[PDB]
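Peer 1: Residue numbers (the deposited numbering), protein chains in the order written: chain 5, 6 to 54; chain K, 41 to 67, 160 to 234.
Ideal Cβ positions, reconstructed from N, Cα and C, are used throughout, including at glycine.
This is the structure I want to talk about, given as structure tokens.
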RNA sequence: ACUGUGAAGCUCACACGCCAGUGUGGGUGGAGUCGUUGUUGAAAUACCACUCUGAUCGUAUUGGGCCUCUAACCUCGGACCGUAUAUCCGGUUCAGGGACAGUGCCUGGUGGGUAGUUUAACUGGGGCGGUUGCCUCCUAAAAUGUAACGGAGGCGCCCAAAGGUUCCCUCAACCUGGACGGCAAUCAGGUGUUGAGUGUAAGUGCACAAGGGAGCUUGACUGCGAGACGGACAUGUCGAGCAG
RNA sequence: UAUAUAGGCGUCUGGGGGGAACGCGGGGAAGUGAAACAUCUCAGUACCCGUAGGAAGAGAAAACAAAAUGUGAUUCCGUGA
RNA sequence: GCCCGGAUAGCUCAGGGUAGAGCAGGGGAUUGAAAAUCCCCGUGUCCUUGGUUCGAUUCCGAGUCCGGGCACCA
RNA sequence: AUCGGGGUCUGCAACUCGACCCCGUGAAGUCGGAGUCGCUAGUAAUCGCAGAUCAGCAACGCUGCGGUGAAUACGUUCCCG
Ligand SMILES: [Zn+2]
């Protein structure tokens, strides 16, 4: 839907920590972002579910 | 001679539903899903060692059992055959998955 | 891997067949193919195990479609009896239909034939027309607020950078000289203080730059939050600062 | 119509109907409220049908309870609320 | 939401190792002159993307435009 | 064929526009679709020579010469006059 809602999950513990939007035509591939994960307690890579 | 050829119940045509077996157990082999969704391995025959071939076969199964496709529907190990060069039959029991050598 | 529990070699039958020719069994004899084989997408058809395509058989399970039969059930078809009177009813028997039809429970359709109801408000009377939420300006009377079917517009998005941070720069317009080249493309010099530009309406701002360029990155975080703005309420808005 | 049945005679014993309220078992609305209305309420009310008794229905665990060796048929009051 | 069918030349429509045919258009034939017959041409991202294979218009996945039937009590 | 270079002749004059000579370059073309033309004997097929026009030729055209010289005609069934 051009700009759908996406959810970012930690790569270590796999907890859904954030939700955001991206353009699915400008950025067709799964987003990769470093975000603070409270469960781990530090900054871990996050990937689109 | 004799070998191992399992019939994993997966859809080979779908790209996601694919298997790539790779085990190493002497008691570094490779495997893949054929067109008809069949897996190939190396085993012994009935007229051979008892605790040697059986122990080596367990490691290959575990890698395959850990490689079951997520979307696979139905029974996974439909049949297993370890028949010899000319010896017909010799079909193993697919139920056994823990403590194969006993 | 096969070979006198008899191959090649011939000859007999059938199957498909684009007769390209292969496969199966039969009769005589008596020792075969085959491995690097040579073109190869890929190798030998030495053989083997799993298996696809269609066509063949078999067992066991399993659903339908038909044709009969009489015995359930059905007949406002005939004849007797209860019955002296009876086109009611019941019983007996003959003649037809027949596991169908009818009915009970479950289930899918058509269903104004019937029933219960809905069909907004504003409005210079009602209807037709137009409007209903959010953002910006004027009316608005130099704090805030202020109406009319008063005057003008925009929105129901977009950007993985057009966000964060560090460093650097000054536009638009005009004049003059230059191959195509022209009012107007790229280049050089000069005047030039904001007249350019800020994703998108308008307003308030921004040249100190919030405008232009480049390097690294994800704070487009987690637990909180003194003190306030605004308000019938429900909503809404700003925020220093502490820790990770 | 044969076994026999339906029926036909004779004789004894019962029933029918009425009543104000209370009872038990069935069938069962709408006005109204929801500031509209269909789920819902009104309400198992109004009304109707079948039957009683001086009262009726229920009643003697195929029950509660929760590790306490607890209660011990049913009915009706007050709390639990 | 679920299950099928369609997308191929200017137009219409057939199809694991071929992209084809009729109406079209063009040049040349036959005729005193035409049509139809003839010959020869150019016409094509096989809806758009990726996957398997030495190789896909053909098999698989996603998406776009369509069409039919059955679902839908914030 | 095409093209580069160097030459000969006529013409006052070879750029648009002559022929010929030499050196080099070396395209298409592997017998040609539907269709279509000529010929019955010195003919068709083929080979060379001369003339007109004319200074020079675009002549592979036109008019004549001679050399070597074939196959076939069942018959009006069909097209044209
Ligand atoms: Zn984590």
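1. Which class does residue 186 (chain K) belong to by DSSP, given the choice of helix, strand or coil?
2. Hey, is the region 194–211 of chain K in contact with the region 50–57 of chain K, meaning 3+ C-beta pairs nearer than 8 Å?
3. Quick check: the Cα distance between residue 21 (chain 5) and residue 189 (chain K), rounded to an integer number of angstroms?
4. Of all the options 8 (chain 5), 54 (chain 5) and 19 (chain 5), which has the alpha carbon lying nearest to the alpha carbon of residue 27 (chain 5)?
5. Between which two residues does the beta strand (DSSP E) holding residue 23 (chain 5) run?
6. Report the partner residues of residue 42 (chain 5) according to the DSSP bridge assignment.
7. Within 7 Å: the Cβ of residue 20 (chain 5) and any heavy atom of ligand 1?
8. Using a Cβ-based criterion (distance less than 7 Å to any ligand heavy atom), does residue 214 (chain K) qualify as near ligand 1?
9. By Cβ distance below 7 Å, which residues in the same chain neighbour residue 67 (chain K) in space, the five residues on each side in sequence not counted?
10. Rounded to the nearest angstrom, what separates residue 48 (chain K) and residue 200 (chain K) at their Cα positions?
11. Tell me which residues share the same chain as residue 43 (chain K) and place their Cβ nearer than 8 Å to its Cβ, disregarding the 5 neighbours each side in the sequence.
12. Less than 6 Å between C-beta atoms, sequence neighbours within five positions excluded: which residues of the same chain meet that for residue 223 (chain K)?
Peer 2: The answer reads as follows:
1. Helix, per DSSP.
2. Yes, they touch.
3. Our two residues, residue 21 (chain 5) and residue 189 (chain K), have alpha carbons roughly 40 Å apart in a direct line.
4. For residue 27 (chain 5), the closest of 8 (chain 5), 54 (chain 5) and 19 (chain 5) by C-alpha to C-alpha distance is 8 (chain 5).
5. 21–26
6. According to DSSP, residue pairing for residue 42 (chain 5) in a beta bridge involves 47 (chain 5).
7. yes
8. no
9. 184, 187 and 188
10. So the alpha carbons of these two residues sit roughly 9 Å apart.
11. 172, 173, 174, 175 and 214
12. In the same chain as residue 223 (chain K), and ignoring 5 residues on each side of it, the C-beta atoms closer than 6 Å to its own belong to 213, in chain order.
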